[PDB]
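Chains as they are written, first to last, in the UniProt record's numbering: chain A, 25 to 180; chain B, 18 to 462; chain C, 5 to 211; chain D, 595 to 743; chain E, 28 to 70. A quick write-up on the structure given underneath.
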Amino acid sequence: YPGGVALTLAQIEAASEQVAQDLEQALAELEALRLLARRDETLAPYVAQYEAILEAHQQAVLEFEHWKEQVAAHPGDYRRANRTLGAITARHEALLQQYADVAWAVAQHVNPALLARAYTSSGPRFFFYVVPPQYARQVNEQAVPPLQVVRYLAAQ
Amino acid sequence: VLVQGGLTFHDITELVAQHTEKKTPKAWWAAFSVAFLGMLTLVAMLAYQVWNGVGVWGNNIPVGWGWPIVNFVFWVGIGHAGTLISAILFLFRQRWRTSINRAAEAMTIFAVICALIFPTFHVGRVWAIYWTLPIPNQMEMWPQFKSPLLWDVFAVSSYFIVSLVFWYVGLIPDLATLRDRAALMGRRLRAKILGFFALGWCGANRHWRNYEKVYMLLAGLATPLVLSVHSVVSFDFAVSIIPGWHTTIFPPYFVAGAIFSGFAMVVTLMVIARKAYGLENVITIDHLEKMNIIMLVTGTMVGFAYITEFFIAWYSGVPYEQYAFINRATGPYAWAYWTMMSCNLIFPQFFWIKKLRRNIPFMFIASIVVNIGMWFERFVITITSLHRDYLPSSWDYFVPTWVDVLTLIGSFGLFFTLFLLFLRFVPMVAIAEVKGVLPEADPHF
Amino acid sequence: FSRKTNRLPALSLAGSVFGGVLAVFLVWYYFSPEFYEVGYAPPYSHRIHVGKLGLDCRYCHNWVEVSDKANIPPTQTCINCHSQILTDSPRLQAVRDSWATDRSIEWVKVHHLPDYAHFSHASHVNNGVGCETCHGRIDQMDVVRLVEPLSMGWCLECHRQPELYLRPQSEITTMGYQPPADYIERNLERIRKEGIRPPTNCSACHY
Amino acid sequence: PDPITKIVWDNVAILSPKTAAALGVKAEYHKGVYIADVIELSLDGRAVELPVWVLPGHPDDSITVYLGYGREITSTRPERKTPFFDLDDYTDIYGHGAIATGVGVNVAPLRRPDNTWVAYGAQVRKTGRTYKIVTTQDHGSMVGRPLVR
Amino acid sequence: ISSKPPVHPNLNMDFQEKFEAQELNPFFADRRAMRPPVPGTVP
Ligand code: HEC
Ligand code: HEC
Ligand code: HEC
Ligand code: HEC
Ligand code: HEC
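Shown next, in the form of structure tokens:
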């Protein structure tokens, strides 16, 4: 338990700022999606399919303050920062991942192809004798956008 | 007056000494044979068990438990009787318990021994039960304190202790008396050296006052524990979602069951501890008379709950809890509940006739029958609503195996085996307070 | 009775106090009954294949980057080089015969945590954990000490306090690795980015 | 378990209560284990018996005797006795022999091979050896409960 | 240090009755769990 809680309090802040910058991006995309696919799809559940995440993402912001303030209030318990940080990044990467799964379907209808830039798209585990996932994570990371997914569809 | 005996302060010591003076009983040699044989049957089937597996008991999965934990509630519900007449009767200070008290925490502590074996053994993995304890173990693991099966452990691992330490402290003047006799008249000169449990006793002012407030303390500090021990062992049932359990009146109820079970055995011991090896002058029959009230209290308090059960089925029950008690009366266990409730209600409401039926031989034939319903009370309440609970798919009768019964029997075996063992060594009667309370110990003479 | 049992509370108290002292300063529960240097069928001597032959670990412990429960090599690996490098020793005639037969090499193992608590190297290695931490510094090890217990209470200290251990994944299999200064803050920036989120639960390995 | 009736480890004969109450057999249980009567059906002098179970679905004068379950098997492995102190018979399902022995009665040889699913002429004889028959469900027919709706 | 296989008291579930890959199999000619595949097979 190296040096207390105050060390981790810098990186937990560095996560919440990524969320705050994504309030802009998600709500910005929520404008753009209404602009891009006005009538090119069902859009009646499928637009709200993107909004339903948004009320959760904003709800976690007020929480991420409450999560964090319960840590910075008393820096004498190491077994809350690793957990609050493990919760944030999961509650963060989830919402990043949930935005994507709803956003890849956008291309799936506008384009007849959900693109080959969709995911790592590696394969099953027995397809490691040919393709270790190491290759794949350097494909996915260096090709796939987290939330530049629909702005990418402004190029289409 | 509450004891009928032409005694003085000395007359008890010569008599209880004669009950612990020399070692040559014959009925002992029969009891230690049949009882230890009962204990042999117990372990003959209890290690036969663990080398093989749980299912030799008659337990299906819906009714996972069967007779073992039923007997745990029995062999602890039977035991609260002994500790509470040590505690309660000092809280109300009825100055009446003295004739029987010291023989009772025995009747509790050995019940707790043959009780605690069941939670250690109706499990399938006995060896991995120390994990249940909150030791900082070989990893970063610890038990789950939302589990009444754990509360049971701390409770019984405290209730074996507090009832003991309150009994051991209860019997200090005995060891003083026996340590005092071992020199001048007794077994050997080397019984004195065995009686160091006196712990430098002299009966002094400086610490006898402390003994009183401690006996007060443990009275007002073991009763709040007794009302939590059996309540824990009821919480394990009623905390559940089962309709026949989730009814909230059960913890007071099972406690009253522990009353109506425990005194229903103490009388079985006192009758047979009154005929051959008896104390006519100290175990006054008027004592058993005023004893069966607090039984007959729970002869009706137990009965009122059956009404509530049988009522709430008609008042605002779930459509399952509606069925849960129709099962109890009408269904497979009609042999149990119709007769059980009637057994536990007829005989108490047939008990008070001739001024509480002071007659001694009726006590034995009744105190059994009052208790047999208790083993049904916990075989009914637990199991009769543990099958036929929220599915028809989980409908299965409970066929008890021939090994279920030899464990029940063996519980009587080890109980009598070890209850008799120390009882022949320690003195039966609480001789310290007997000659100190009702006789002329009062300074008004 | 006896006059000097004033000394008797001492042996009652002290010997009871020593009951605690002898209990807790004696435990060594997963440090005494773990570590051992077993006698193999042939002695591999990781010393030589690593310490003065300069092989990294992915050669013959293949499928540690991609699999779970990475494999001890087959006999075939020795036949890459010990078909025609030595051809002399009275130490591995089991090996040459084994390639010339079908009875595989009778390998004992270590670190055998039970098979009700599964494990995956690739889940760790790809996410930056090294063999120095867990399997010990093997580069000078004629036979395996298993210097770490590989029990839960130690298995879990990393999943609660990971950033004291994890490697940057650049040349992870380097036994002579001193980490840098400002190690920790250089690491947490990866858990913020890489998003590893170690497991604390029952679901991970015990199933 | 068969889907009709959660039956295991025995061939059976399923039929109506109206034939059962007109034949004289039952699926009585006083222990939640379904003790069962028998039939001793007899075709052309090739009779065998089997447990009768009852179902409220089947029609008059008809029984669906399932096949298999009467297939004698000859074991190479030992019966694997252990001391009476140890349980093996209840656990060692592969012990007393291989599996297919005595699990039920063989029924295929009885029929007539003309339209060789059906058959007539079973001079039923309600006889003894009324032994167990086991299920998982053990019951049925929820009392108007919210479980399928 | 403790050169023998160390004391593990509860051996109930260490060495499961089933056997994973690369584990002893006391049945076959070649004591081995893999039982390699016949030629011609295809994933
Ligand atoms: C590089 C960093 C690593 C190498 C090279 C190896 N390990 Fe691991 N390892 C660990 C355990 C608990 C086991 C036992 C597996 C089981 O019992 O199921 C293993 C296994 C191996 C083996 C083979 C031995 C076997 O078959 O059991 C090899 C060759 C091996 N490991 C090499 C534990 C850990 C661990 C801590 C988390 C780490 C980081 C690694 N192992 C990583 C490496
Ligand atoms: C082949 C040329 C090897 C090289 C290079 C390395 N290892 Fe090794 N390893 C090898 C074998 C055949 C064995 C079996 C052990 C025996 O009884 O001889 C091992 C053993 C290990 C182990 C212990 C596994 C076990 O037996 O339970 C570990 C953790 C291990 N090897 C790791 C390891 C690392 C990290 C290496 C490079 C740094 C390495 N090995 C080299 C084969 C070969
Ligand atoms: C080529 C890359 C090698 C592979 C693959 C393996 N080994 Fe090796 N081994 C190699 C050399 C060049 C040497 C000799 C170095 C020296 O110090 O003399 C060795 C040595 C051994 C020995 C020692 C032989 C003895 O002293 O009697 C053993 C037991 C040995 N090697 C075993 C071994 C095994 C079992 C291997 C596969 C699992 C293996 N080696 C791989 C070179 C190479
Ligand atoms: C560092 C010192 C570690 C030790 C020791 C152990 N683990 Fe680990 N583990 C570690 C990290 C950094 C991670 C997360 C990587 C990520 O990107 O998520 C993990 C993860 C696991 C998992 C993940 C779940 C899965 O994929 O199935 C498992 C099952 C796991 N670790 C198991 C495990 C066991 C059984 C260990 C000791 C016996 C163990 N880990 C030690 C880092 C470290
Ligand atoms: C790895 C990812 C684990 C996690 C998370 C947890 N456990 Fe653990 N446990 C693990 C191992 C590898 C071992 C073996 C230690 C040994 O004694 O050799 C254990 C041990 C246990 C045990 C003891 C088993 C024994 O044989 O003594 C228990 C009861 C246990 N673990 C429980 C447990 C629980 C309840 C956890 C979370 C809910 C848990 N473990 C986390 C691996 C891992």
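Yeah, the Cβ is synthetic: ideal placement off N, Cα and C, and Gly gets one too.
- request: Report the three-state DSSP secondary structure of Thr37 (chain B) (helix, strand or coil).
  value: Residue state, collapsed to three classes: helix.
- Determine the contact status of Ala123 (chain B) and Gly99 (chain B), defining contact as a CB-CB distance below 8 Å. Result yes, Cβ atoms of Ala123 (chain B) and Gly99 (chain B) sit closer than 8 Å.
Any C-beta of chain E under 8 Å from that of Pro184 (chain C)
With 8 Å as the cut-off, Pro184 (chain C) does not count as an interface residue toward chain E.
| query | How about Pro37 (chain C): is its C-beta nearer than 8 Å to some C-beta of chain E? | reply | Taking 8 Å as the CB threshold, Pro37 (chain C) lines the interface with chain E.
Assumed close pair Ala353 (chain B), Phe342 (chain B) - CB separation to whole angstroms, cut-off 8 Å:
Contact flag wrong, Cβ pair sits at about 13 Å.
task: Evaluate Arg112 (chain B) with the Cβ neighbour count: other Cβ atoms within 10 Å of its Cβ, from every protein chain shown; 16 or more gives buried, anything less gives exposed.
output: Burial call: exposed.
Checklist entry - In whole angstroms, what is the alpha-carbon distance linking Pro677 (chain D) and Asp686 (chain D)? => result Between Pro677 (chain D) and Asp686 (chain D), the C-alpha separation is close to 13 Å.
Item checked: Inter-residue spacing [alpha-carbon to alpha-carbon] between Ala121 (chain B) and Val51 (chain B) -> Computed Cα separation, rounded: 22 Å.
**Item:** Cβ-heavy atom distance, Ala74 (chain C) to ligand 1, below 7 Å
**Value:** Relative to ligand 1, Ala74 (chain C) has its C-beta within less than 7 Å of a heavy atom.
For this session: Kindly list, in the order they appear in chain B, the residues whose Cβ is closer than 9 Å to that of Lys726 (chain D).
Result: Taking a Cβ-Cβ threshold of 9 Å, none of the residues of chain B is close to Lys726 (chain D); the smallest such distance is about 11 Å.
For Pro47 (chain C), which option in C:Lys113, C:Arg190, C:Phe39, C:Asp72 has the closest C-alpha, if you only look at C-alpha atoms?
Checked all of C:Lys113, C:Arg190, C:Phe39, C:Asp72; the closest Cα to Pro47 (chain C) is C:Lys113.
_Less than 8 Å between CB atoms is the rule here; does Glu175 (chain C) satisfy it with respect to chain A?_
Nearest CB-CB separation between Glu175 (chain C) and chain A: not below the 8 Å threshold.
Three or more beta-carbon pairs under 8 Å between the segment 84-104 of chain B and the segment 262-277 of chain B, yes or no?
Put simply, the segment 84-104 of chain B touches the segment 262-277 of chain B. At least three CB pairs are less than 8 Å apart.
**Request:** Please state whether DSSP places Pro63 (chain E) in a helix, a strand or coil.
**Result:** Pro63 (chain E) falls in the coil class under three-state DSSP.
Considering only heavy atoms of ligand 2, does any lie closer than 7 Å to the CB of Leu59 (chain C)? For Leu59 (chain C), the Cβ falls inside the 7 Å cut-off from some heavy atom of ligand 2.
Is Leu160 (chain C) near ligand 5, in the sense that its beta carbon is under 7 Å from a heavy atom of that ligand? True, at least one ligand heavy atom lies under 7 Å from that Cβ.
Exercise for review: For the segment 640-669 of chain D, list the alpha helix (DSSP H) runs that are entirely contained and at least 4 residues long, ordered along the chain.
Suggested key: Correct list: empty.
Check your understanding: For the segment 94-121 of chain C, which residues have a beta carbon sitting closer than 7 Å to at least one beta carbon of chain E?
Key -> If the cut-off is 7 Å between Cβ atoms, the segment 94-121 of chain C has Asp106, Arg107, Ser108, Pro118, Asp119, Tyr120 near chain E.
Fill in: Inter-residue Cα distance where the pair is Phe379 (chain B) and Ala47 (chain B)
If you take the alpha carbons of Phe379 (chain B) and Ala47 (chain B), they lie about 25 Å apart.
Inset, instruction - Spell out whether any CB of chain B is found under 8 Å from the CB atom of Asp732 (chain D). - result: Answer yes: the Cβ-Cβ gap between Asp732 (chain D) and chain B drops below 8 Å somewhere.
Could you check whether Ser411 (chain B) and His404 (chain B) sit closer than 8 Å to each other, using their CB atoms as the reference points?
Yes, Cβ-Cβ distance for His404 (chain B) and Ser411 (chain B) is below 8 Å.
Q) How many Å lie between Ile324 (chain B) and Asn388 (chain B) at the Cα? A) Roughly 20 Å separates the two Cα atoms.
Using a 10 Å radius around the Cβ and a threshold of 16 neighbouring Cβ atoms, would you call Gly100 (chain A) buried or exposed? Exposed is the label assigned to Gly100 (chain A), since fewer than 16 other Cβ atoms lie within 10 Å of its Cβ.
key: Member of A:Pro169, A:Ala97, A:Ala129, A:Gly27 whose CA lies at the smallest distance from the CA of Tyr74 (chain A)   = Scanning A:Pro169, A:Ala97, A:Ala129, A:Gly27 for the CA closest to the CA of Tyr74 (chain A) turns up A:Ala129.
Output, in chain order, the set of chain C residues within a Cβ distance shorter than 8 Å of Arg59 (chain E). Going along chain C in sequence order, the residues near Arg59 (chain E) (Cβ under 8 Å) are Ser108.
Check: Taking a cut of 8 Å between CB atoms, which residues from the segment 68-96 of chain C lie near chain E?
Finding: Those residues of the segment 68-96 of chain C that come within reach of chain E (Cβ to Cβ, closer than 8 Å) are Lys73, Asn75, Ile76.
Got a sec: does ligand 5 put a non-hydrogen atom nearer than 7 Å to the Cβ of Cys206 (chain C)?
-> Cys206 (chain C) Cβ: within cutoff of ligand 5.
Can you tell me whether residue 753 (chain D) is buried or exposed, with buried defined as 16 or more other CB within 10 angstroms of its CB?
-> In the structure as shown, chain D begins at 595 and stops at 743. Residue 753 (chain D) is therefore absent and cannot be evaluated.
Give a yes or no on whether 8 Å exceeds the smallest Cβ distance from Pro165 (chain B) to chain D.
Interface flag for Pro165 (chain B) against chain D is unset, since no Cβ pair is found closer than 8 Å.
From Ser164 (chain B) to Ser174 (chain C), what does the alpha carbon distance come to, in whole angstroms? Going from the Cα of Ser164 (chain B) to the Cα of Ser174 (chain C) covers about 48 Å.
So the candidates are C:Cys135, C:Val21, C:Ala104; which of them puts its Cα closest to the Cα of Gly180 (chain C)? Of C:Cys135, C:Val21, C:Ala104, the residue nearest in Cα terms is C:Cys135.
### Message
Going by C-alpha to C-alpha distance, which of A:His116, A:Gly27, A:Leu31 sits closest to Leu192 (chain C)?
### Response
Between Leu192 (chain C) and the set A:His116, A:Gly27, A:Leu31, the nearest pair of CA atoms involves A:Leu31.
Given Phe327 (chain B) as reference, the closest of B:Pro460, B:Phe183, B:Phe364, B:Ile266 once Cα atoms are compared:
Comparing Cα positions, the closest option is B:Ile266.
Counting only beta-carbon atoms, is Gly100 (chain A) nearer than 8 Å to chain H? Given the protein chain composition of this structure (A, B, C, D and E), no chain H is represented.
Checklist line | Alpha carbon of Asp72 (chain C) to alpha carbon of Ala48 (chain E), nearest angstrom | finding: Approximately 11 Å, taken between the alpha carbons.
- Since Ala126 (chain C) is in the alpha helix (DSSP H), which residue starts that stretch and which ends it? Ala126 (chain C): member of the alpha helix (DSSP H) spanning 125-129, first to last residue.
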